[PDB]
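Trainee: File follows, my_file.pdb with PDB, N, CA and C atoms and all ligand atoms:
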```
ATOM      1  N   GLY A   1     -17.091  23.478 -21.418
ATOM      2  CA  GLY A   1     -16.681  22.688 -22.569
ATOM      3  C   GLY A   1     -17.880  22.088 -23.303
ATOM      4  N   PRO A   2     -17.649  21.522 -24.488
ATOM      5  CA  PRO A   2     -18.744  20.846 -25.202
ATOM      6  C   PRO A   2     -19.187  19.574 -24.503
ATOM      7  N   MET A   3     -20.462  19.276 -24.748
ATOM      8  CA  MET A   3     -21.089  18.119 -24.116
ATOM      9  C   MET A   3     -20.437  16.821 -24.545
ATOM     10  N   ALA A   4     -19.903  16.795 -25.748
ATOM     11  CA  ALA A   4     -19.306  15.608 -26.322
ATOM     12  C   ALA A   4     -18.123  15.075 -25.502
ATOM     13  N   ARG A   5     -17.426  15.938 -24.761
ATOM     14  CA  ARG A   5     -16.305  15.486 -23.942
ATOM     15  C   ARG A   5     -16.761  14.614 -22.782
ATOM     16  N   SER A   6     -15.968  13.604 -22.458
ATOM     17  CA  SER A   6     -16.215  12.809 -21.271
ATOM     18  C   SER A   6     -14.843  12.423 -20.715
ATOM     19  N   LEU A   7     -14.261  13.374 -19.997
ATOM     20  CA  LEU A   7     -12.859  13.288 -19.639
ATOM     21  C   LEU A   7     -12.614  14.093 -18.376
ATOM     22  N   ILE A   8     -12.023  13.490 -17.361
ATOM     23  CA  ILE A   8     -11.711  14.126 -16.085
ATOM     24  C   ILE A   8     -10.214  13.961 -15.840
ATOM     25  N   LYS A   9      -9.553  15.025 -15.404
ATOM     26  CA  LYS A   9      -8.185  14.929 -14.936
ATOM     27  C   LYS A   9      -8.173  15.190 -13.442
ATOM     28  N   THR A  10      -7.535  14.327 -12.688
ATOM     29  CA  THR A  10      -7.488  14.514 -11.248
ATOM     30  C   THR A  10      -6.139  14.048 -10.697
ATOM     31  N   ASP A  11      -5.788  14.598  -9.566
ATOM     32  CA  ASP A  11      -4.595  14.214  -8.852
ATOM     33  C   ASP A  11      -4.976  13.313  -7.686
ATOM     34  N   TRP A  12      -4.188  12.260  -7.454
ATOM     35  CA  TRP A  12      -4.421  11.355  -6.324
ATOM     36  C   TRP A  12      -3.067  10.852  -5.845
ATOM     37  N   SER A  13      -2.757  11.098  -4.574
ATOM     38  CA  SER A  13      -1.537  10.622  -3.937
ATOM     39  C   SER A  13      -0.302  10.906  -4.782
ATOM     40  N   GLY A  14      -0.243  12.105  -5.351
ATOM     41  CA  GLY A  14       0.964  12.590  -6.003
ATOM     42  C   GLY A  14       1.088  12.291  -7.461
ATOM     43  N   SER A  15       0.063  11.690  -8.067
ATOM     44  CA  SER A  15       0.122  11.425  -9.490
ATOM     45  C   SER A  15      -1.179  11.832 -10.163
ATOM     46  N   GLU A  16      -1.077  12.123 -11.441
ATOM     47  CA  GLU A  16      -2.233  12.528 -12.217
ATOM     48  C   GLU A  16      -2.871  11.337 -12.893
ATOM     49  N   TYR A  17      -4.203  11.290 -12.828
ATOM     50  CA  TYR A  17      -5.016  10.245 -13.428
ATOM     51  C   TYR A  17      -5.957  10.925 -14.423
ATOM     52  N   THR A  18      -6.087  10.350 -15.622
ATOM     53  CA  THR A  18      -7.057  10.771 -16.624
ATOM     54  C   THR A  18      -8.147   9.704 -16.658
ATOM     55  N   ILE A  19      -9.389  10.112 -16.410
ATOM     56  CA  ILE A  19     -10.506   9.198 -16.417
ATOM     57  C   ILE A  19     -11.270   9.496 -17.700
ATOM     58  N   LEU A  20     -11.300   8.522 -18.601
ATOM     59  CA  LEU A  20     -11.860   8.652 -19.922
ATOM     60  C   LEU A  20     -13.159   7.877 -19.990
ATOM     61  N   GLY A  21     -14.241   8.566 -20.319
ATOM     62  CA  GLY A  21     -15.522   7.886 -20.469
ATOM     63  C   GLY A  21     -15.626   7.155 -21.796
ATOM     64  N   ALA A  22     -16.388   6.065 -21.813
ATOM     65  CA  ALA A  22     -16.622   5.322 -23.057
ATOM     66  C   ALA A  22     -17.392   6.113 -24.086
ATOM     67  N   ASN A  23     -18.056   7.198 -23.660
ATOM     68  CA  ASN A  23     -18.817   8.095 -24.506
ATOM     69  C   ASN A  23     -18.051   9.364 -24.836
ATOM     70  N   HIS A  24     -16.751   9.437 -24.563
ATOM     71  CA  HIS A  24     -15.995  10.626 -24.926
ATOM     72  C   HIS A  24     -15.992  10.777 -26.429
ATOM     73  N   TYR A  25     -16.134  12.004 -26.913
ATOM     74  CA  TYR A  25     -16.079  12.238 -28.335
ATOM     75  C   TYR A  25     -15.332  13.518 -28.677
ATOM     76  N   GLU A  26     -14.324  13.370 -29.511
ATOM     77  CA  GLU A  26     -13.691  14.469 -30.214
ATOM     78  C   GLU A  26     -13.556  14.026 -31.664
ATOM     79  N   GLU A  27     -14.008  14.880 -32.543
ATOM     80  CA  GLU A  27     -14.140  14.516 -33.894
ATOM     81  C   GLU A  27     -12.751  14.447 -34.508
ATOM     82  N   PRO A  28     -12.439  13.405 -35.221
ATOM     83  CA  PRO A  28     -11.160  13.394 -35.934
ATOM     84  C   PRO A  28     -11.045  14.616 -36.846
ATOM     85  N   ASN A  29      -9.881  15.235 -36.833
ATOM     86  CA  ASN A  29      -9.535  16.458 -37.608
ATOM     87  C   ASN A  29     -10.153  17.717 -37.050
ATOM     88  N   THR A  30     -10.684  17.677 -35.837
ATOM     89  CA  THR A  30     -11.092  18.914 -35.201
ATOM     90  C   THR A  30      -9.961  19.935 -35.174
ATOM     91  N   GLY A  31     -10.303  21.204 -35.362
ATOM     92  CA  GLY A  31      -9.346  22.271 -35.174
ATOM     93  C   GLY A  31      -9.092  22.638 -33.739
ATOM     94  N   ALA A  32      -9.933  22.174 -32.826
ATOM     95  CA  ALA A  32      -9.702  22.381 -31.410
ATOM     96  C   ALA A  32      -8.506  21.553 -30.967
ATOM     97  N   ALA A  33      -7.911  21.943 -29.876
ATOM     98  CA  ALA A  33      -6.910  21.117 -29.236
ATOM     99  C   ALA A  33      -7.605  19.829 -28.875
ATOM    100  N   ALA A  34      -7.090  18.726 -29.374
ATOM    101  CA  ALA A  34      -7.721  17.421 -29.164
ATOM    102  C   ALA A  34      -6.831  16.532 -28.338
ATOM    103  N   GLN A  35      -7.463  15.659 -27.571
ATOM    104  CA  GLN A  35      -6.736  14.707 -26.772
ATOM    105  C   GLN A  35      -6.915  13.262 -27.212
ATOM    106  N   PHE A  36      -8.147  12.852 -27.445
ATOM    107  CA  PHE A  36      -8.503  11.476 -27.766
ATOM    108  C   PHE A  36      -9.522  11.446 -28.891
ATOM    109  N   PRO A  37      -9.156  11.907 -30.081
ATOM    110  CA  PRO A  37     -10.087  11.896 -31.214
ATOM    111  C   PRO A  37     -10.365  10.486 -31.716
ATOM    112  N   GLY A  38     -11.558  10.314 -32.260
ATOM    113  CA  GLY A  38     -11.999   9.063 -32.843
ATOM    114  C   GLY A  38     -13.498   8.966 -32.917
ATOM    115  N   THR A  39     -14.003   8.170 -33.866
ATOM    116  CA  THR A  39     -15.443   8.002 -34.150
ATOM    117  C   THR A  39     -16.143   7.328 -32.960
ATOM    118  N   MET A  40     -17.460   7.426 -32.918
ATOM    119  CA  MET A  40     -18.294   6.767 -31.872
ATOM    120  C   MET A  40     -18.349   5.247 -32.159
ATOM    121  N   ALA A  41     -18.724   4.446 -31.137
ATOM    122  CA  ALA A  41     -18.339   3.060 -30.935
ATOM    123  C   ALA A  41     -18.788   1.887 -31.840
ATOM    124  N   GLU A  42     -18.215   0.653 -31.461
ATOM    125  CA  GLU A  42     -18.870  -0.659 -31.665
ATOM    126  C   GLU A  42     -19.571  -1.072 -30.359
ATOM    127  N   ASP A  43     -20.923  -1.189 -30.458
ATOM    128  CA  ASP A  43     -21.859  -1.451 -29.366
ATOM    129  C   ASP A  43     -22.715  -2.665 -29.794
ATOM    130  N   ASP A  44     -22.120  -3.871 -29.588
ATOM    131  CA  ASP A  44     -22.708  -5.174 -29.916
ATOM    132  C   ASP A  44     -23.216  -5.782 -28.600
ATOM    133  N   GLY A  45     -24.540  -5.899 -28.442
ATOM    134  CA  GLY A  45     -25.051  -6.422 -27.186
ATOM    135  C   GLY A  45     -24.549  -7.807 -26.852
ATOM    136  N   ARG A  46     -24.043  -8.543 -27.843
ATOM    137  CA  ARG A  46     -23.483  -9.870 -27.558
ATOM    138  C   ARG A  46     -22.177  -9.780 -26.794
ATOM    139  N   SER A  47     -21.593  -8.541 -26.700
ATOM    140  CA  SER A  47     -20.286  -8.332 -26.134
ATOM    141  C   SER A  47     -20.383  -7.658 -24.779
ATOM    142  N   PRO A  48     -19.533  -8.023 -23.833
ATOM    143  CA  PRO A  48     -19.497  -7.345 -22.556
ATOM    144  C   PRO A  48     -18.736  -6.046 -22.594
ATOM    145  N   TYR A  49     -18.333  -5.613 -23.776
ATOM    146  CA  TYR A  49     -17.569  -4.390 -23.995
ATOM    147  C   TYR A  49     -18.251  -3.441 -24.964
ATOM    148  N   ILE A  50     -17.853  -2.170 -24.884
ATOM    149  CA  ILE A  50     -18.047  -1.179 -25.920
ATOM    150  C   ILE A  50     -16.642  -0.803 -26.390
ATOM    151  N   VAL A  51     -16.401  -0.942 -27.685
ATOM    152  CA  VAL A  51     -15.084  -0.685 -28.251
ATOM    153  C   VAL A  51     -15.020   0.698 -28.867
ATOM    154  N   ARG A  52     -13.932   1.420 -28.577
ATOM    155  CA  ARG A  52     -13.693   2.729 -29.177
ATOM    156  C   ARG A  52     -12.320   2.687 -29.822
ATOM    157  N   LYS A  53     -12.222   3.220 -31.036
ATOM    158  CA  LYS A  53     -10.966   3.338 -31.759
ATOM    159  C   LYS A  53     -10.540   4.805 -31.625
ATOM    160  N   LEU A  54      -9.492   5.054 -30.843
ATOM    161  CA  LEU A  54      -9.102   6.396 -30.462
ATOM    162  C   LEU A  54      -7.628   6.602 -30.709
ATOM    163  N   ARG A  55      -7.249   7.836 -31.012
ATOM    164  CA  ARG A  55      -5.841   8.211 -31.104
ATOM    165  C   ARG A  55      -5.416   8.981 -29.864
ATOM    166  N   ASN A  56      -4.202   8.706 -29.384
ATOM    167  CA  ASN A  56      -3.622   9.460 -28.286
ATOM    168  C   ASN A  56      -2.922  10.691 -28.830
ATOM    169  N   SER A  57      -3.645  11.790 -28.908
ATOM    170  CA  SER A  57      -3.127  13.030 -29.510
ATOM    171  C   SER A  57      -2.372  13.872 -28.477
ATOM    172  N   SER A  58      -1.210  13.338 -28.063
ATOM    173  CA  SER A  58      -0.356  13.970 -27.053
ATOM    174  C   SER A  58       1.032  13.365 -27.146
ATOM    175  N   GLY A  59       1.946  13.931 -26.390
ATOM    176  CA  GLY A  59       3.279  13.381 -26.195
ATOM    177  C   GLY A  59       3.400  12.528 -24.943
ATOM    178  N   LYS A  60       2.266  12.056 -24.375
ATOM    179  CA  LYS A  60       2.237  11.232 -23.177
ATOM    180  C   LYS A  60       2.119   9.760 -23.538
ATOM    181  N   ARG A  61       2.788   8.920 -22.758
ATOM    182  CA  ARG A  61       2.632   7.471 -22.801
ATOM    183  C   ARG A  61       1.768   7.063 -21.618
ATOM    184  N   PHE A  62       0.644   6.429 -21.890
ATOM    185  CA  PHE A  62      -0.277   6.009 -20.876
ATOM    186  C   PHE A  62      -0.306   4.497 -20.636
ATOM    187  N   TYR A  63      -0.508   4.142 -19.388
ATOM    188  CA  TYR A  63      -0.949   2.818 -18.973
ATOM    189  C   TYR A  63      -2.463   2.921 -18.778
ATOM    190  N   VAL A  64      -3.209   1.992 -19.364
ATOM    191  CA  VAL A  64      -4.672   2.094 -19.466
ATOM    192  C   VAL A  64      -5.312   0.923 -18.775
ATOM    193  N   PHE A  65      -6.208   1.213 -17.842
ATOM    194  CA  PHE A  65      -6.952   0.195 -17.111
ATOM    195  C   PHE A  65      -8.435   0.317 -17.446
ATOM    196  N   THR A  66      -9.089  -0.827 -17.683
ATOM    197  CA  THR A  66     -10.524  -0.885 -17.939
ATOM    198  C   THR A  66     -11.222  -1.856 -16.982
ATOM    199  N   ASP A  67     -10.498  -2.478 -16.040
ATOM    200  CA  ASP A  67     -11.037  -3.438 -15.093
ATOM    201  C   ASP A  67      -9.980  -3.694 -14.038
ATOM    202  N   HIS A  68     -10.341  -4.525 -13.056
ATOM    203  CA  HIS A  68      -9.401  -5.010 -12.047
ATOM    204  C   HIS A  68      -9.897  -6.367 -11.585
ATOM    205  N   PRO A  69      -9.005  -7.343 -11.419
ATOM    206  CA  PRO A  69      -7.564  -7.266 -11.683
ATOM    207  C   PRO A  69      -7.277  -7.358 -13.173
ATOM    208  N   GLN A  70      -6.218  -6.681 -13.608
ATOM    209  CA  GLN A  70      -5.879  -6.602 -15.009
ATOM    210  C   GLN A  70      -4.430  -6.152 -15.117
ATOM    211  N   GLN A  71      -3.793  -6.587 -16.173
ATOM    212  CA  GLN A  71      -2.553  -5.954 -16.620
ATOM    213  C   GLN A  71      -2.925  -4.772 -17.498
ATOM    214  N   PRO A  72      -2.348  -3.605 -17.300
ATOM    215  CA  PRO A  72      -2.733  -2.498 -18.156
ATOM    216  C   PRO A  72      -2.201  -2.674 -19.565
ATOM    217  N   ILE A  73      -2.799  -1.955 -20.490
ATOM    218  CA  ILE A  73      -2.242  -1.857 -21.820
ATOM    219  C   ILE A  73      -1.536  -0.508 -21.960
ATOM    220  N   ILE A  74      -0.636  -0.440 -22.921
ATOM    221  CA  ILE A  74       0.248   0.688 -23.095
ATOM    222  C   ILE A  74      -0.185   1.444 -24.342
ATOM    223  N   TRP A  75      -0.323   2.761 -24.225
ATOM    224  CA  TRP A  75      -0.818   3.626 -25.306
ATOM    225  C   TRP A  75       0.229   4.726 -25.528
ATOM    226  N   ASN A  76       1.007   4.598 -26.586
ATOM    227  CA  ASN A  76       2.118   5.537 -26.861
ATOM    228  C   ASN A  76       1.609   6.781 -27.599
ATOM    229  N   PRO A  77       2.397   7.856 -27.549
ATOM    230  CA  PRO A  77       2.052   9.071 -28.251
ATOM    231  C   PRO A  77       1.682   8.824 -29.695
ATOM    232  N   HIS A  78       0.573   9.420 -30.108
ATOM    233  CA  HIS A  78       0.135   9.492 -31.491
ATOM    234  C   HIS A  78      -0.425   8.228 -32.039
ATOM    235  N   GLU A  79      -0.501   7.183 -31.255
ATOM    236  CA  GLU A  79      -0.949   5.884 -31.706
ATOM    237  C   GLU A  79      -2.471   5.780 -31.624
ATOM    238  N   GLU A  80      -3.052   5.080 -32.585
ATOM    239  CA  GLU A  80      -4.474   4.766 -32.599
ATOM    240  C   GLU A  80      -4.633   3.325 -32.137
ATOM    241  N   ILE A  81      -5.478   3.084 -31.125
ATOM    242  CA  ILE A  81      -5.751   1.737 -30.619
ATOM    243  C   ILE A  81      -7.254   1.586 -30.419
ATOM    244  N   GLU A  82      -7.668   0.347 -30.221
ATOM    245  CA  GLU A  82      -9.027   0.043 -29.807
ATOM    246  C   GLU A  82      -9.037  -0.204 -28.302
ATOM    247  N   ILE A  83      -9.857   0.509 -27.573
ATOM    248  CA  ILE A  83     -10.035   0.311 -26.133
ATOM    249  C   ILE A  83     -11.337  -0.447 -25.951
ATOM    250  N   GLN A  84     -11.287  -1.534 -25.183
ATOM    251  CA  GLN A  84     -12.432  -2.333 -24.822
ATOM    252  C   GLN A  84     -12.945  -1.846 -23.467
ATOM    253  N   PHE A  85     -13.878  -0.895 -23.486
ATOM    254  CA  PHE A  85     -14.471  -0.458 -22.242
ATOM    255  C   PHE A  85     -15.441  -1.515 -21.758
ATOM    256  N   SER A  86     -15.395  -1.853 -20.482
ATOM    257  CA  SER A  86     -16.317  -2.826 -19.927
ATOM    258  C   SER A  86     -17.703  -2.174 -19.747
ATOM    259  N   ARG A  87     -18.764  -2.912 -20.108
ATOM    260  CA  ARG A  87     -20.107  -2.433 -19.816
ATOM    261  C   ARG A  87     -20.359  -2.255 -18.313
ATOM    262  N   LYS A  88     -19.571  -2.895 -17.475
ATOM    263  CA  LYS A  88     -19.749  -2.720 -16.040
ATOM    264  C   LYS A  88     -19.414  -1.328 -15.568
ATOM    265  N   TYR A  89     -18.509  -0.636 -16.280
ATOM    266  CA  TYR A  89     -17.861   0.575 -15.797
ATOM    267  C   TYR A  89     -17.977   1.733 -16.765
ATOM    268  N   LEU A  90     -17.716   1.482 -18.045
ATOM    269  CA  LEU A  90     -17.766   2.515 -19.081
ATOM    270  C   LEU A  90     -16.792   3.652 -18.826
ATOM    271  N   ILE A  91     -15.656   3.343 -18.196
ATOM    272  CA  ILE A  91     -14.553   4.275 -18.014
ATOM    273  C   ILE A  91     -13.257   3.507 -18.235
ATOM    274  N   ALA A  92     -12.222   4.268 -18.561
ATOM    275  CA  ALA A  92     -10.836   3.818 -18.560
ATOM    276  C   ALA A  92     -10.063   4.776 -17.685
ATOM    277  N   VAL A  93      -9.103   4.241 -16.940
ATOM    278  CA  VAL A  93      -8.238   5.044 -16.094
ATOM    279  C   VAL A  93      -6.854   5.027 -16.756
ATOM    280  N   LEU A  94      -6.321   6.224 -17.025
ATOM    281  CA  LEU A  94      -5.050   6.404 -17.700
ATOM    282  C   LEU A  94      -4.052   7.105 -16.785
ATOM    283  N   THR A  95      -2.837   6.568 -16.748
ATOM    284  CA  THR A  95      -1.727   7.106 -15.952
ATOM    285  C   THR A  95      -0.451   7.085 -16.778
ATOM    286  N   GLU A  96       0.455   8.010 -16.521
ATOM    287  CA  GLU A  96       1.772   7.993 -17.128
ATOM    288  C   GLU A  96       2.808   7.136 -16.365
ATOM    289  N   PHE A  97       2.430   6.289 -15.484
ATOM    290  CA  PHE A  97       3.337   5.346 -14.888
ATOM    291  C   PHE A  97       2.585   4.043 -14.745
ATOM    292  N   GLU A  98       3.336   2.965 -14.499
ATOM    293  CA  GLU A  98       2.754   1.623 -14.420
ATOM    294  C   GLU A  98       2.175   1.457 -13.013
ATOM    295  N   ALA A  99       0.911   1.756 -12.875
ATOM    296  CA  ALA A  99       0.200   1.572 -11.627
ATOM    297  C   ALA A  99      -0.285   0.136 -11.511
ATOM    298  N   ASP A 100      -0.747  -0.211 -10.319
ATOM    299  CA  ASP A 100      -1.485  -1.454 -10.112
ATOM    300  C   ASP A 100      -2.956  -1.225 -10.410
ATOM    301  N   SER A 101      -3.615  -2.268 -10.925
ATOM    302  CA  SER A 101      -4.995  -2.102 -11.363
ATOM    303  C   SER A 101      -5.938  -1.779 -10.212
ATOM    304  N   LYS A 102      -5.516  -1.909  -8.958
ATOM    305  CA  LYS A 102      -6.355  -1.447  -7.842
ATOM    306  C   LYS A 102      -6.694   0.031  -7.990
ATOM    307  N   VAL A 103      -5.883   0.812  -8.725
ATOM    308  CA  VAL A 103      -6.260   2.220  -8.937
ATOM    309  C   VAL A 103      -7.585   2.300  -9.689
ATOM    310  N   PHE A 104      -7.857   1.326 -10.567
ATOM    311  CA  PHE A 104      -9.095   1.350 -11.329
ATOM    312  C   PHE A 104     -10.284   1.310 -10.375
ATOM    313  N   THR A 105     -10.216   0.441  -9.342
ATOM    314  CA  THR A 105     -11.341   0.287  -8.420
ATOM    315  C   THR A 105     -11.625   1.592  -7.701
ATOM    316  N   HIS A 106     -10.559   2.347  -7.363
ATOM    317  CA  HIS A 106     -10.755   3.638  -6.704
ATOM    318  C   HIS A 106     -11.694   4.539  -7.516
ATOM    319  N   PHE A 107     -11.430   4.639  -8.825
ATOM    320  CA  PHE A 107     -12.230   5.510  -9.665
ATOM    321  C   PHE A 107     -13.568   4.893  -9.997
ATOM    322  N   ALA A 108     -13.622   3.561 -10.157
ATOM    323  CA  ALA A 108     -14.896   2.905 -10.416
ATOM    324  C   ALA A 108     -15.886   3.134  -9.258
ATOM    325  N   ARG A 109     -15.409   3.060  -8.019
ATOM    326  CA  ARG A 109     -16.286   3.337  -6.882
ATOM    327  C   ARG A 109     -16.735   4.792  -6.902
ATOM    328  N   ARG A 110     -15.814   5.701  -7.184
ATOM    329  CA  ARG A 110     -16.140   7.124  -7.112
ATOM    330  C   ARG A 110     -17.121   7.552  -8.180
ATOM    331  N   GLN A 111     -17.170   6.848  -9.293
ATOM    332  CA  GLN A 111     -18.042   7.225 -10.371
ATOM    333  C   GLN A 111     -19.511   7.276  -9.933
ATOM    334  N   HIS A 112     -19.924   6.392  -9.046
ATOM    335  CA  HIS A 112     -21.310   6.257  -8.595
ATOM    336  C   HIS A 112     -21.560   6.858  -7.233
ATOM    337  N   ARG A 113     -20.653   7.679  -6.731
ATOM    338  CA  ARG A 113     -20.883   8.417  -5.491
ATOM    339  C   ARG A 113     -21.437   9.778  -5.847
TER     340      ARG A 113
HETATM  341 MG    MG B   1     -19.758  15.594 -21.375
HETATM  342 MG    MG B   2     -13.065  -7.422 -12.668
END
```
Reformat the file's structure so that it appears as structure tokens.

Mentor:
Amino acid sequence: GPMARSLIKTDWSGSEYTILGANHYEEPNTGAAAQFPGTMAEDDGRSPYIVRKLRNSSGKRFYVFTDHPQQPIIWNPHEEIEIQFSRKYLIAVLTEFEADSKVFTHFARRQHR
């Protein structure tokens, strides 16, 4: 795939998890099959976050985790939202069911193994 992608799909204990990097890029209006199109970030050093404005280009409803403990946010099909990726992690964990944010820690640990 192109270098611009930063996206992993994996199965864990019977459910699928999408791990989205804060540096994922798919150009809006790409002719390729797109999943999370949107421009590159707001990167303000005064902020503990990097913000990405992305569209969910699918028929999936996601619960999105960027830290733990946290209540997830909900990302419906075709909607454009701003995700606040934490500078600590620079990933978001996406699931199609309401998981507990402890799932985030599982992937955060694995990122640096
Ligand atoms: Mg890449
Ligand atoms: Mg925390």

Trainee: Show which residues sit within 8 Å of range 42-55 of chain A, as a PyMOL selection string. Count all atoms listed in the file, and ignore same-chain residues fewer than 5 positions away.

Mentor: chain A and resi 22+34-37+76-88+90

Trainee: Taking only N, CA and C atoms and all ligand atoms into account, which residues are within 6 Å of ligand MG 1 (chain B), as a CSV table (one decimal) with N, CA and C atoms, keeping the file's coordinate frame?

Mentor:
```csv
chain,number,residue,atom,x,y,z
A,2,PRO,N,-17.6,21.5,-24.5
A,2,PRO,CA,-18.7,20.8,-25.2
A,2,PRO,C,-19.2,19.6,-24.5
A,3,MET,N,-20.5,19.3,-24.7
A,3,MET,CA,-21.1,18.1,-24.1
A,3,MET,C,-20.4,16.8,-24.5
A,4,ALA,N,-19.9,16.8,-25.7
A,4,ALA,CA,-19.3,15.6,-26.3
A,4,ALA,C,-18.1,15.1,-25.5
A,5,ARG,N,-17.4,15.9,-24.8
A,5,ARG,CA,-16.3,15.5,-23.9
A,5,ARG,C,-16.8,14.6,-22.8
A,6,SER,N,-16.0,13.6,-22.5
A,6,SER,CA,-16.2,12.8,-21.3
A,6,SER,C,-14.8,12.4,-20.7
```

Trainee: Residues within 8 Å of range 14-17 of chain A, please, as a VMD selection string. Count all atoms listed in the file; anything in the same chain fewer than 6 positions from it doesn't count.

Mentor: chain A and resid 8 93 to 97

Trainee: For chain A against ligand MG 2 (chain B), with a cut-off of 6 Å and counting only C-alpha atoms and all ligand atoms, what is the closest atom pair and its distance in Å to one decimal for every residue that makes the cut, ordered by chain and number, as a tab-separated table?

Mentor:
```
residue	atom	partner	partner_atom	distance
A:67	CA	B:MG2	MG	5.1
A:68	CA	B:MG2	MG	4.4
A:69	CA	B:MG2	MG	5.6
```

Trainee: Give the answer as one residue: which of A:92, A:56, A:1, A:102 has the shortest atom-to-atom distance to residue 20 in chain A, using all atoms listed in the file?

Mentor: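 Among the listed residues, A:92 lies closest to residue 20 in chain A.
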